[PDB]
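> Contents of entry29.pdb (PDB, N, CA, C and O atoms) are given next:
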```
ATOM      1  N   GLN Q   1     -25.816 -21.773 -71.512  1.00  0.00           N
ATOM      2  CA  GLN Q   1     -25.784 -21.769 -72.969  1.00  0.00           C
ATOM      3  C   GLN Q   1     -26.622 -20.620 -73.522  1.00  0.00           C
ATOM      4  O   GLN Q   1     -27.245 -19.877 -72.763  1.00  0.00           O
ATOM      5  N   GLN Q   2     -26.634 -20.483 -74.845  1.00  0.00           N
ATOM      6  CA  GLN Q   2     -27.395 -19.426 -75.505  1.00  0.00           C
ATOM      7  C   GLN Q   2     -26.936 -18.047 -75.035  1.00  0.00           C
ATOM      8  O   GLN Q   2     -27.360 -17.564 -73.985  1.00  0.00           O
ATOM      9  N   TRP Q   3     -26.067 -17.422 -75.821  1.00  0.00           N
ATOM     10  CA  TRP Q   3     -25.548 -16.101 -75.487  1.00  0.00           C
ATOM     11  C   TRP Q   3     -26.604 -15.023 -75.713  1.00  0.00           C
ATOM     12  O   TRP Q   3     -27.315 -15.037 -76.718  1.00  0.00           O
ATOM     13  N   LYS Q   4     -26.697 -14.086 -74.772  1.00  0.00           N
ATOM     14  CA  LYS Q   4     -27.661 -12.995 -74.867  1.00  0.00           C
ATOM     15  C   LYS Q   4     -27.070 -11.701 -74.317  1.00  0.00           C
ATOM     16  O   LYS Q   4     -25.990 -11.703 -73.725  1.00  0.00           O
ATOM     17  N   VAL Q   5     -27.784 -10.598 -74.516  1.00  0.00           N
ATOM     18  CA  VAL Q   5     -27.328  -9.297 -74.038  1.00  0.00           C
ATOM     19  C   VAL Q   5     -27.294  -9.257 -72.514  1.00  0.00           C
ATOM     20  O   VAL Q   5     -28.237  -9.688 -71.850  1.00  0.00           O
ATOM     21  N   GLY Q   6     -26.200  -8.739 -71.968  1.00  0.00           N
ATOM     22  CA  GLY Q   6     -26.057  -8.656 -70.525  1.00  0.00           C
ATOM     23  C   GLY Q   6     -25.675  -9.985 -69.906  1.00  0.00           C
ATOM     24  O   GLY Q   6     -26.494 -10.634 -69.256  1.00  0.00           O
ATOM     25  N   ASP Q   7     -24.426 -10.393 -70.114  1.00  0.00           N
ATOM     26  CA  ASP Q   7     -23.934 -11.656 -69.575  1.00  0.00           C
ATOM     27  C   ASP Q   7     -22.449 -11.564 -69.240  1.00  0.00           C
ATOM     28  O   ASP Q   7     -21.669 -10.975 -69.988  1.00  0.00           O
ATOM     29  N   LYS Q   8     -22.068 -12.154 -68.110  1.00  0.00           N
ATOM     30  CA  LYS Q   8     -20.676 -12.142 -67.671  1.00  0.00           C
ATOM     31  C   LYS Q   8     -19.892 -13.272 -68.327  1.00  0.00           C
ATOM     32  O   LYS Q   8     -19.970 -14.426 -67.902  1.00  0.00           O
ATOM     33  N   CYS Q   9     -19.135 -12.934 -69.366  1.00  0.00           N
ATOM     34  CA  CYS Q   9     -18.333 -13.919 -70.083  1.00  0.00           C
ATOM     35  C   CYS Q   9     -16.847 -13.588 -69.987  1.00  0.00           C
ATOM     36  O   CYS Q   9     -16.452 -12.685 -69.252  1.00  0.00           O
ATOM     37  N   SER Q  10     -16.031 -14.323 -70.737  1.00  0.00           N
ATOM     38  CA  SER Q  10     -14.588 -14.106 -70.737  1.00  0.00           C
ATOM     39  C   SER Q  10     -14.056 -14.012 -72.162  1.00  0.00           C
ATOM     40  O   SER Q  10     -14.333 -14.876 -72.997  1.00  0.00           O
ATOM     41  N   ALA Q  11     -13.293 -12.959 -72.440  1.00  0.00           N
ATOM     42  CA  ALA Q  11     -12.728 -12.756 -73.769  1.00  0.00           C
ATOM     43  C   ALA Q  11     -11.225 -12.508 -73.704  1.00  0.00           C
ATOM     44  O   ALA Q  11     -10.729 -11.858 -72.783  1.00  0.00           O
ATOM     45  N   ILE Q  12     -10.506 -13.035 -74.693  1.00  0.00           N
ATOM     46  CA  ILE Q  12      -9.059 -12.878 -74.759  1.00  0.00           C
ATOM     47  C   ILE Q  12      -8.684 -11.558 -75.427  1.00  0.00           C
ATOM     48  O   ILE Q  12      -9.357 -11.107 -76.354  1.00  0.00           O
ATOM     49  N   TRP Q  13      -7.606 -10.943 -74.947  1.00  0.00           N
ATOM     50  CA  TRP Q  13      -7.143  -9.674 -75.496  1.00  0.00           C
ATOM     51  C   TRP Q  13      -6.169  -9.899 -76.650  1.00  0.00           C
ATOM     52  O   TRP Q  13      -5.378 -10.842 -76.632  1.00  0.00           O
ATOM     53  N   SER Q  14      -6.238  -9.025 -77.651  1.00  0.00           N
ATOM     54  CA  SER Q  14      -5.365  -9.126 -78.815  1.00  0.00           C
ATOM     55  C   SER Q  14      -4.126  -8.255 -78.642  1.00  0.00           C
ATOM     56  O   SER Q  14      -3.464  -7.897 -79.618  1.00  0.00           O
ATOM     57  N   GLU Q  15      -3.815  -7.915 -77.394  1.00  0.00           N
ATOM     58  CA  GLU Q  15      -2.655  -7.084 -77.092  1.00  0.00           C
ATOM     59  C   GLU Q  15      -1.557  -7.901 -76.421  1.00  0.00           C
ATOM     60  O   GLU Q  15      -0.371  -7.712 -76.699  1.00  0.00           O
ATOM     61  N   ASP Q  16      -1.958  -8.809 -75.536  1.00  0.00           N
ATOM     62  CA  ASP Q  16      -1.005  -9.655 -74.824  1.00  0.00           C
ATOM     63  C   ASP Q  16      -1.407 -11.123 -74.918  1.00  0.00           C
ATOM     64  O   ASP Q  16      -0.632 -12.012 -74.565  1.00  0.00           O
ATOM     65  N   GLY Q  17      -2.622 -11.369 -75.398  1.00  0.00           N
ATOM     66  CA  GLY Q  17      -3.105 -12.730 -75.530  1.00  0.00           C
ATOM     67  C   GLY Q  17      -3.345 -13.391 -74.186  1.00  0.00           C
ATOM     68  O   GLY Q  17      -2.701 -14.387 -73.853  1.00  0.00           O
ATOM     69  N   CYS Q  18      -4.272 -12.836 -73.413  1.00  0.00           N
ATOM     70  CA  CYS Q  18      -4.596 -13.376 -72.097  1.00  0.00           C
ATOM     71  C   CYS Q  18      -6.098 -13.318 -71.841  1.00  0.00           C
ATOM     72  O   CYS Q  18      -6.823 -12.578 -72.507  1.00  0.00           O
ATOM     73  N   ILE Q  19      -6.561 -14.103 -70.872  1.00  0.00           N
ATOM     74  CA  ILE Q  19      -7.979 -14.141 -70.529  1.00  0.00           C
ATOM     75  C   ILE Q  19      -8.337 -13.033 -69.543  1.00  0.00           C
ATOM     76  O   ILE Q  19      -7.694 -12.884 -68.504  1.00  0.00           O
ATOM     77  N   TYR Q  20      -9.366 -12.262 -69.874  1.00  0.00           N
ATOM     78  CA  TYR Q  20      -9.812 -11.170 -69.016  1.00  0.00           C
ATOM     79  C   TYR Q  20     -11.337 -11.081 -69.000  1.00  0.00           C
ATOM     80  O   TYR Q  20     -11.988 -11.323 -70.015  1.00  0.00           O
ATOM     81  N   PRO Q  21     -11.930 -10.733 -67.841  1.00  0.00           N
ATOM     82  CA  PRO Q  21     -13.387 -10.615 -67.701  1.00  0.00           C
ATOM     83  C   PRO Q  21     -14.008  -9.753 -68.795  1.00  0.00           C
ATOM     84  O   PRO Q  21     -13.416  -8.767 -69.234  1.00  0.00           O
ATOM     85  N   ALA Q  22     -15.203 -10.134 -69.236  1.00  0.00           N
ATOM     86  CA  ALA Q  22     -15.904  -9.400 -70.284  1.00  0.00           C
ATOM     87  C   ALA Q  22     -17.412  -9.423 -70.066  1.00  0.00           C
ATOM     88  O   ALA Q  22     -17.919 -10.177 -69.235  1.00  0.00           O
ATOM     89  N   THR Q  23     -18.124  -8.589 -70.820  1.00  0.00           N
ATOM     90  CA  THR Q  23     -19.578  -8.511 -70.717  1.00  0.00           C
ATOM     91  C   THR Q  23     -20.210  -8.244 -72.079  1.00  0.00           C
ATOM     92  O   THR Q  23     -19.987  -7.193 -72.682  1.00  0.00           O
ATOM     93  N   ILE Q  24     -20.998  -9.203 -72.558  1.00  0.00           N
ATOM     94  CA  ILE Q  24     -21.662  -9.073 -73.852  1.00  0.00           C
ATOM     95  C   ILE Q  24     -22.635  -7.897 -73.853  1.00  0.00           C
ATOM     96  O   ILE Q  24     -23.693  -7.953 -73.227  1.00  0.00           O
ATOM     97  N   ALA Q  25     -22.257  -6.826 -74.546  1.00  0.00           N
ATOM     98  CA  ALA Q  25     -23.083  -5.624 -74.615  1.00  0.00           C
ATOM     99  C   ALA Q  25     -24.067  -5.659 -75.785  1.00  0.00           C
ATOM    100  O   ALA Q  25     -25.198  -5.193 -75.663  1.00  0.00           O
ATOM    101  N   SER Q  26     -23.634  -6.206 -76.918  1.00  0.00           N
ATOM    102  CA  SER Q  26     -24.489  -6.282 -78.099  1.00  0.00           C
ATOM    103  C   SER Q  26     -24.163  -7.516 -78.929  1.00  0.00           C
ATOM    104  O   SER Q  26     -23.057  -8.048 -78.860  1.00  0.00           O
ATOM    105  N   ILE Q  27     -25.136  -7.974 -79.710  1.00  0.00           N
ATOM    106  CA  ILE Q  27     -24.953  -9.152 -80.551  1.00  0.00           C
ATOM    107  C   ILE Q  27     -25.630  -8.978 -81.905  1.00  0.00           C
ATOM    108  O   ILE Q  27     -26.681  -8.344 -82.008  1.00  0.00           O
ATOM    109  N   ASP Q  28     -25.025  -9.553 -82.940  1.00  0.00           N
ATOM    110  CA  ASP Q  28     -25.572  -9.471 -84.287  1.00  0.00           C
ATOM    111  C   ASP Q  28     -25.689 -10.862 -84.906  1.00  0.00           C
ATOM    112  O   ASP Q  28     -24.749 -11.358 -85.527  1.00  0.00           O
ATOM    113  N   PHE Q  29     -26.848 -11.487 -84.720  1.00  0.00           N
ATOM    114  CA  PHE Q  29     -27.096 -12.827 -85.244  1.00  0.00           C
ATOM    115  C   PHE Q  29     -26.847 -12.900 -86.749  1.00  0.00           C
ATOM    116  O   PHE Q  29     -26.613 -13.980 -87.294  1.00  0.00           O
ATOM    117  N   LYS Q  30     -26.901 -11.751 -87.419  1.00  0.00           N
ATOM    118  CA  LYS Q  30     -26.682 -11.696 -88.862  1.00  0.00           C
ATOM    119  C   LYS Q  30     -25.356 -12.350 -89.242  1.00  0.00           C
ATOM    120  O   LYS Q  30     -25.331 -13.390 -89.897  1.00  0.00           O
ATOM    121  N   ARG Q  31     -24.254 -11.731 -88.824  1.00  0.00           N
ATOM    122  CA  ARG Q  31     -22.924 -12.252 -89.120  1.00  0.00           C
ATOM    123  C   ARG Q  31     -22.390 -13.086 -87.959  1.00  0.00           C
ATOM    124  O   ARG Q  31     -21.178 -13.257 -87.812  1.00  0.00           O
ATOM    125  N   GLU Q  32     -23.305 -13.609 -87.145  1.00  0.00           N
ATOM    126  CA  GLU Q  32     -22.942 -14.436 -85.995  1.00  0.00           C
ATOM    127  C   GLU Q  32     -21.762 -13.838 -85.231  1.00  0.00           C
ATOM    128  O   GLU Q  32     -20.705 -14.463 -85.111  1.00  0.00           O
ATOM    129  N   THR Q  33     -21.946 -12.627 -84.716  1.00  0.00           N
ATOM    130  CA  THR Q  33     -20.896 -11.948 -83.966  1.00  0.00           C
ATOM    131  C   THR Q  33     -21.465 -11.258 -82.731  1.00  0.00           C
ATOM    132  O   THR Q  33     -22.662 -11.337 -82.461  1.00  0.00           O
ATOM    133  N   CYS Q  34     -20.597 -10.578 -81.986  1.00  0.00           N
ATOM    134  CA  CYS Q  34     -21.013  -9.871 -80.781  1.00  0.00           C
ATOM    135  C   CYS Q  34     -19.931  -8.906 -80.310  1.00  0.00           C
ATOM    136  O   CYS Q  34     -18.810  -8.918 -80.820  1.00  0.00           O
ATOM    137  N   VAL Q  35     -20.274  -8.075 -79.333  1.00  0.00           N
ATOM    138  CA  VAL Q  35     -19.340  -7.101 -78.783  1.00  0.00           C
ATOM    139  C   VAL Q  35     -19.163  -7.316 -77.284  1.00  0.00           C
ATOM    140  O   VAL Q  35     -20.142  -7.377 -76.540  1.00  0.00           O
ATOM    141  N   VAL Q  36     -17.914  -7.438 -76.845  1.00  0.00           N
ATOM    142  CA  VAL Q  36     -17.625  -7.654 -75.434  1.00  0.00           C
ATOM    143  C   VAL Q  36     -16.960  -6.436 -74.803  1.00  0.00           C
ATOM    144  O   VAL Q  36     -16.134  -5.770 -75.430  1.00  0.00           O
ATOM    145  N   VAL Q  37     -17.320  -6.163 -73.554  1.00  0.00           N
ATOM    146  CA  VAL Q  37     -16.760  -5.037 -72.818  1.00  0.00           C
ATOM    147  C   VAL Q  37     -15.754  -5.525 -71.782  1.00  0.00           C
ATOM    148  O   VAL Q  37     -16.049  -6.424 -70.995  1.00  0.00           O
ATOM    149  N   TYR Q  38     -14.564  -4.933 -71.788  1.00  0.00           N
ATOM    150  CA  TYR Q  38     -13.517  -5.317 -70.848  1.00  0.00           C
ATOM    151  C   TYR Q  38     -13.751  -4.690 -69.479  1.00  0.00           C
ATOM    152  O   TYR Q  38     -13.533  -3.495 -69.285  1.00  0.00           O
ATOM    153  N   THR Q  39     -14.205  -5.510 -68.536  1.00  0.00           N
ATOM    154  CA  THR Q  39     -14.480  -5.048 -67.180  1.00  0.00           C
ATOM    155  C   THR Q  39     -13.242  -4.424 -66.542  1.00  0.00           C
ATOM    156  O   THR Q  39     -12.308  -5.128 -66.159  1.00  0.00           O
ATOM    157  N   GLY Q  40     -13.245  -3.098 -66.430  1.00  0.00           N
ATOM    158  CA  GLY Q  40     -12.120  -2.402 -65.831  1.00  0.00           C
ATOM    159  C   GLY Q  40     -11.309  -1.616 -66.842  1.00  0.00           C
ATOM    160  O   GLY Q  40     -10.641  -0.644 -66.488  1.00  0.00           O
ATOM    161  N   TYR Q  41     -11.366  -2.033 -68.102  1.00  0.00           N
ATOM    162  CA  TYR Q  41     -10.626  -1.360 -69.165  1.00  0.00           C
ATOM    163  C   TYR Q  41     -11.541  -0.439 -69.969  1.00  0.00           C
ATOM    164  O   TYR Q  41     -11.098   0.574 -70.511  1.00  0.00           O
ATOM    165  N   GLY Q  42     -12.820  -0.797 -70.035  1.00  0.00           N
ATOM    166  CA  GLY Q  42     -13.782   0.007 -70.768  1.00  0.00           C
ATOM    167  C   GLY Q  42     -13.790  -0.291 -72.256  1.00  0.00           C
ATOM    168  O   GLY Q  42     -14.835  -0.212 -72.902  1.00  0.00           O
ATOM    169  N   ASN Q  43     -12.623  -0.625 -72.803  1.00  0.00           N
ATOM    170  CA  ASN Q  43     -12.498  -0.927 -74.226  1.00  0.00           C
ATOM    171  C   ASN Q  43     -13.494  -1.999 -74.659  1.00  0.00           C
ATOM    172  O   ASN Q  43     -13.778  -2.936 -73.912  1.00  0.00           O
ATOM    173  N   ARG Q  44     -14.015  -1.854 -75.874  1.00  0.00           N
ATOM    174  CA  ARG Q  44     -14.973  -2.808 -76.420  1.00  0.00           C
ATOM    175  C   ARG Q  44     -14.484  -3.341 -77.763  1.00  0.00           C
ATOM    176  O   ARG Q  44     -14.181  -2.568 -78.671  1.00  0.00           O
ATOM    177  N   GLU Q  45     -14.400  -4.662 -77.881  1.00  0.00           N
ATOM    178  CA  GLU Q  45     -13.934  -5.287 -79.116  1.00  0.00           C
ATOM    179  C   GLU Q  45     -14.924  -6.337 -79.613  1.00  0.00           C
ATOM    180  O   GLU Q  45     -15.544  -7.047 -78.819  1.00  0.00           O
ATOM    181  N   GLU Q  46     -15.065  -6.430 -80.933  1.00  0.00           N
ATOM    182  CA  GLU Q  46     -15.975  -7.394 -81.542  1.00  0.00           C
ATOM    183  C   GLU Q  46     -15.332  -8.777 -81.613  1.00  0.00           C
ATOM    184  O   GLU Q  46     -14.199  -8.924 -82.071  1.00  0.00           O
ATOM    185  N   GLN Q  47     -16.065  -9.788 -81.155  1.00  0.00           N
ATOM    186  CA  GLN Q  47     -15.570 -11.159 -81.160  1.00  0.00           C
ATOM    187  C   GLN Q  47     -16.637 -12.122 -81.670  1.00  0.00           C
ATOM    188  O   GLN Q  47     -17.775 -11.723 -81.926  1.00  0.00           O
ATOM    189  N   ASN Q  48     -16.267 -13.391 -81.812  1.00  0.00           N
ATOM    190  CA  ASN Q  48     -17.196 -14.412 -82.286  1.00  0.00           C
ATOM    191  C   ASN Q  48     -17.856 -15.129 -81.113  1.00  0.00           C
ATOM    192  O   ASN Q  48     -17.197 -15.464 -80.129  1.00  0.00           O
ATOM    193  N   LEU Q  49     -19.163 -15.354 -81.219  1.00  0.00           N
ATOM    194  CA  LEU Q  49     -19.914 -16.024 -80.161  1.00  0.00           C
ATOM    195  C   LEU Q  49     -19.337 -17.404 -79.861  1.00  0.00           C
ATOM    196  O   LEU Q  49     -19.291 -17.830 -78.707  1.00  0.00           O
ATOM    197  N   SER Q  50     -18.898 -18.102 -80.907  1.00  0.00           N
ATOM    198  CA  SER Q  50     -18.327 -19.437 -80.752  1.00  0.00           C
ATOM    199  C   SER Q  50     -16.978 -19.373 -80.041  1.00  0.00           C
ATOM    200  O   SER Q  50     -16.443 -20.396 -79.612  1.00  0.00           O
ATOM    201  N   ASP Q  51     -16.434 -18.167 -79.918  1.00  0.00           N
ATOM    202  CA  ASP Q  51     -15.149 -17.971 -79.259  1.00  0.00           C
ATOM    203  C   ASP Q  51     -15.327 -17.371 -77.868  1.00  0.00           C
ATOM    204  O   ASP Q  51     -14.356 -16.994 -77.214  1.00  0.00           O
ATOM    205  N   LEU Q  52     -16.578 -17.287 -77.420  1.00  0.00           N
ATOM    206  CA  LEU Q  52     -16.883 -16.734 -76.105  1.00  0.00           C
ATOM    207  C   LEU Q  52     -16.613 -17.759 -75.006  1.00  0.00           C
ATOM    208  O   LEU Q  52     -17.134 -18.873 -75.047  1.00  0.00           O
ATOM    209  N   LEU Q  53     -15.797 -17.374 -74.030  1.00  0.00           N
ATOM    210  CA  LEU Q  53     -15.460 -18.261 -72.922  1.00  0.00           C
ATOM    211  C   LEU Q  53     -16.419 -18.062 -71.752  1.00  0.00           C
ATOM    212  O   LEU Q  53     -16.974 -16.979 -71.570  1.00  0.00           O
ATOM    213  N   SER Q  54     -16.610 -19.115 -70.964  1.00  0.00           N
ATOM    214  CA  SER Q  54     -17.501 -19.060 -69.811  1.00  0.00           C
ATOM    215  C   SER Q  54     -16.878 -18.245 -68.677  1.00  0.00           C
ATOM    216  O   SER Q  54     -15.659 -18.094 -68.612  1.00  0.00           O
ATOM    217  N   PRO Q  55     -17.710 -17.707 -67.764  1.00  0.00           N
ATOM    218  CA  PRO Q  55     -17.227 -16.905 -66.633  1.00  0.00           C
ATOM    219  C   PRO Q  55     -16.372 -17.718 -65.666  1.00  0.00           C
ATOM    220  O   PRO Q  55     -16.144 -18.910 -65.876  1.00  0.00           O
ATOM    221  N   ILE Q  56     -15.902 -17.065 -64.607  1.00  0.00           N
ATOM    222  CA  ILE Q  56     -15.069 -17.728 -63.608  1.00  0.00           C
ATOM    223  C   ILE Q  56     -15.719 -17.677 -62.229  1.00  0.00           C
ATOM    224  O   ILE Q  56     -16.525 -16.791 -61.943  1.00  0.00           O
TER     225      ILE Q  56
END
```
Give the structure from the file, written as structure tokens.


Amino acid sequence: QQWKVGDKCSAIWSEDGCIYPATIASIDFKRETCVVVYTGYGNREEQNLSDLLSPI
């Protein structure tokens, strides 16, 4: 529990709608958000902490 910088999580892609490995690079408690990095894709997209999936 408790999301923090540098964590292996899982985020869904908005291109095909599937689960793919991710890594929380930054977080903004202000607007309760964060940024996930697509392991292997490099792309980084902003998502909601409450929408963060657990690792595999």

> If you measure from atom C of residue 38 (chain Q) to atom O of residue 54 (chain Q), what distance in Å do you get, rounded to one decimal?

13.6 Å

> If we count all atoms listed in the file, what is near region 16-22 of chain Q at a cut-off of 8 Å, once residues fewer than 5 positions away on the same chain are taken out, given as a ChimeraX atom specification?

/Q:6-11,35-41,43,53-56

> Any chance you could work out the axis-aligned box around region 14-26 of chain Q, listed atoms only, 3 Å on each side, giving centre and edge lengths in Å to one decimal, as AutoDock Vina command-line options?


```
--center_x -12.8 --center_y -9.8 --center_z -73.7 --size_x 30.8 --size_y 15.2 --size_z 17.9
```

> Compare Q:49, Q:5, Q:44, Q:13 by their minimum atom-to-atom distance to residue 26 (chain Q), counting only C-alpha atoms, and give me the closest one.

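Residue with the minimum atom-to-atom distance to residue 26 (chain Q): Q:5.
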
> So, with all atoms listed in the file as the atoms that count, which of Q:15, Q:52, Q:4, Q:47 lies closest to residue 31 (chain Q)?

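Among the listed residues, the smallest separation from residue 31 (chain Q) belongs to Q:47.
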
> So how many Å separate CA of residue 3 (chain Q) and atom N of residue 29 (chain Q), to one decimal?

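Atom-to-atom, CA of residue 3 (chain Q) to atom N of residue 29 (chain Q), that is 10.4 Å.
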
> Could you state the separation of atom O of residue 33 (chain Q) and CA of residue 46 (chain Q) in Å, given to one decimal place?

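Value for the atom O of residue 33 (chain Q)-CA of residue 46 (chain Q) distance: 7.8 Å.
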
> Can you list, as a ChimeraX atom specification, every residue of chain Q that DSSP puts in strand (DSSP E)?

/Q:8-12,19-28,33-38,44-48
